[PDB]
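Q: In the first instance, please consider these chains from the complex; the rest will follow:
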Amino acid sequence: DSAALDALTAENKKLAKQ
């Protein structure tokens, strides 16, 4: 789902920002 894809995008962005 788009919600799952956005969650994955947020997780990757979070790792990159950390």
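A: Cool, got the structure. Numbers count the residues shown, from 1 in each chain, chains lettered A, B, ... in the order given.
Q: Count the neighbours of residue A:7 for me.
A: 11 (other CB atoms under 10 Å). C-betas here are computed from N, CA, C, even on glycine.
Q: Roughly how far does it sit from residue A:13?
A: Applying CB to CB, to the nearest Å, the value for residue A:7 to residue A:13 is 11 Å.
Q: And residue A:4, by the same measure?
A: 15 Å.
Q: same check, this time on residue A:1
A: 18 Å.
Q: Okay, and residue A:4 sits in which element?
A: helix A:2-17 (DSSP states H and E).
Q: Which elements pack onto that helix?
A: Contacting helix A:2-17 under the criterion 3 or more CB pairs under 8 Å, 6 or more residues apart in numbering; DSSP states H and E is no other helix or strand.
Q: So which bits of it are buried?
A: Using 16 or more other CB atoms under 10 Å as the burial criterion, none of the residues of helix A:2-17 qualify.
Q: any idea how far it is from the chain center?
A: Put simply, helix A:2-17 sits 0 Å off its chain's centre (CA atoms, centre = their mean, to the nearest Å).
Q: Alpha carbons of that helix, as CSV, please.
A: C-alpha atoms of helix A:2-17 as CSV (Å, rounded to 0.1, in the frame of the first residue of the first chain):
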residue,chain,number,x,y,z
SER,A,2,1.0,3.7,-0.3
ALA,A,3,1.0,3.8,3.5
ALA,A,4,3.6,1.0,3.6
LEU,A,5,5.6,2.6,0.9
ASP,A,6,5.6,5.9,2.7
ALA,A,7,6.6,4.2,5.9
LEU,A,8,9.6,2.6,4.1
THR,A,9,10.5,6.0,2.6
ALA,A,10,10.3,7.6,6.1
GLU,A,11,12.5,4.8,7.5
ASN,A,12,15.1,5.2,4.8
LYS,A,13,15.0,9.0,5.3
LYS,A,14,15.4,8.6,9.0
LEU,A,15,18.5,6.4,8.6
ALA,A,16,20.0,8.8,6.1
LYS,A,17,19.3,11.7,8.5
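Q: Could you pull up the residues touching residue A:12?
A: By CB atoms under 8 Å, 6 or more residues apart in numbering, the contact set of residue A:12 is empty.
Q: and the gap between it and residue A:18?
A: 11 Å.
Q: How about residue A:8?
A: Counting by CB to CB, the gap from residue A:8 to residue A:18 is 16 Å.
Q: and what of residue A:7?
A: 16 Å.
Q: How about residue A:5?
A: Here the distance between residue A:5 and residue A:18 works out to 21 Å (CB to CB).
Q: to the structure above, add chain B:
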Amino acid sequence: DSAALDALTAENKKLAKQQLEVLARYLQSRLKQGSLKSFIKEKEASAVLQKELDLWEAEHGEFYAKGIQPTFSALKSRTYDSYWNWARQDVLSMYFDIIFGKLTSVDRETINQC
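A: Now chain B, sitting on the chains shown earlier:
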């Protein structure tokens, strides 16, 4: 599809895990030295201790086991020596029994108290 999304998640997790192992190897930090080695070693030690305990409890039984428990403590000693106070207390208690009609000399409890 959810299968494709899970595959992407697994690929990202795999990359992160490989980077994690490379960094741990570089730092000489062992991700399973305090873990899982020490843990299975202490579990084996506990198994040995439990084997000795099972020997004791099978040789003696449950009642003997819970009965050999020490219970003595000098801090739980209760010393009673105030006969001096209890004498006057009992004298007065019997005196008011007499004056309220709860006691007569014929009763042998009176002679015992006296």
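Q: same question on what packs on helix A:2-17, but now with chain B added
A: Using 3 or more CB pairs under 8 Å, 6 or more residues apart in numbering or on different chains; DSSP states H and E as the contact criterion, the elements in contact with helix A:2-17 are helix B:2-27.
Q: Which residue does chain A have closest to chain B?
A: residue A:4 (5.4 Å; CB to the nearest CB).
Q: quick one: contacts for that residue?
A: Residue A:4 is in contact with B:2, B:5, counting by CB atoms under 8 Å, 6 or more residues apart in numbering or on different chains.
Q: and what of the one 4 residues further on?
A: Going by CB under 8 Å, 6+ apart, residue A:8 touches B:5, B:8-9, B:12.
Q: Residue A:11 now?
A: Residue A:11 neighbours (CB under 8 Å, 6+ apart): residue B:12.
Q: mind redoing it with 6 Å?
A: Listed by CB atoms under 6 Å, 6 or more residues apart in numbering or on different chains, residue A:11 has no contact partners.
Q: same deal with the one 4 residues further on?
A: Listed by CB under 6 Å, 6+ apart, the contact set of residue A:15 is empty.
Q: hang on, the earlier thing: compute the inter-axis angle for the helix holding residue A:4 and helix B:2-27.
A: Here helix A:2-17 runs at an angle of 20 degrees relative to helix B:2-27 (axes from the mean of the first three to the mean of the last three CA atoms, to 10 degrees).
Q: Sequence for chain C below, add it please:
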Amino acid sequence: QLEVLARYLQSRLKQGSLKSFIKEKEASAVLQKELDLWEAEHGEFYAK
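A: Below is chain C, added to the chains above:
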């Protein structure tokens, strides 16, 4: 970087490590307390 990656992976570098270990050490201490009770109540010869 190591801690950031472990946090991202939800891998705990001290869950199997050092928590399970101090817990099993406490359990072994309890067992050794019972064993010390038995051996102090009966002695070495009776024990062996």
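Q: The contacts of residue A:4 again, this time with chain C added?
A: Neighbouring residues of residue A:4 by CB under 6 Å, 6+ apart: residue B:5.
Q: now it: how far from chain C?
A: Using CB to the nearest CB, to the nearest Å, one gets 17 Å for the distance from residue A:4 to chain C.
Q: got it, and residue A:12?
A: Using CB to the nearest CB, residue A:12 is found at 9 Å from chain C.
Q: Likewise for residue A:8?
A: 12 Å.
Q: just residue A:7 next, same as before
A: Distance from residue A:7 to chain C, by CB to the nearest CB: 13 Å.
Q: try residue A:6
A: Counting by CB to the nearest CB - residue A:6 and chain C are separated by 17 Å.
Q: What of residue A:18?
A: According to CB to the nearest CB, residue A:18 stands 4 Å off from chain C.
Q: wait, what's in contact with that residue?
A: residue C:4.
Q: go with 8 Å
A: C:4, C:7-8.
Q: again, but for residue A:14
A: residue C:8.
Q: can you do 10 Å?
A: Counting by CB atoms under 10 Å, 6 or more residues apart in numbering or on different chains, residue A:14 makes contact with C:4, C:7-8.
Q: Residue A:7 too?
A: A:1, B:5, B:9.
Q: Not counting residues beside it along the chain, what's closest to the first one?
A: With CB to CB, 6 or more residues apart in numbering or on different chains as the measure, residue B:2 is the residue that lies nearest to residue A:1, at 7.6 Å, once sequence neighbours are left out.
Q: From chain C, how far off is residue A:13?
A: 11 Å.
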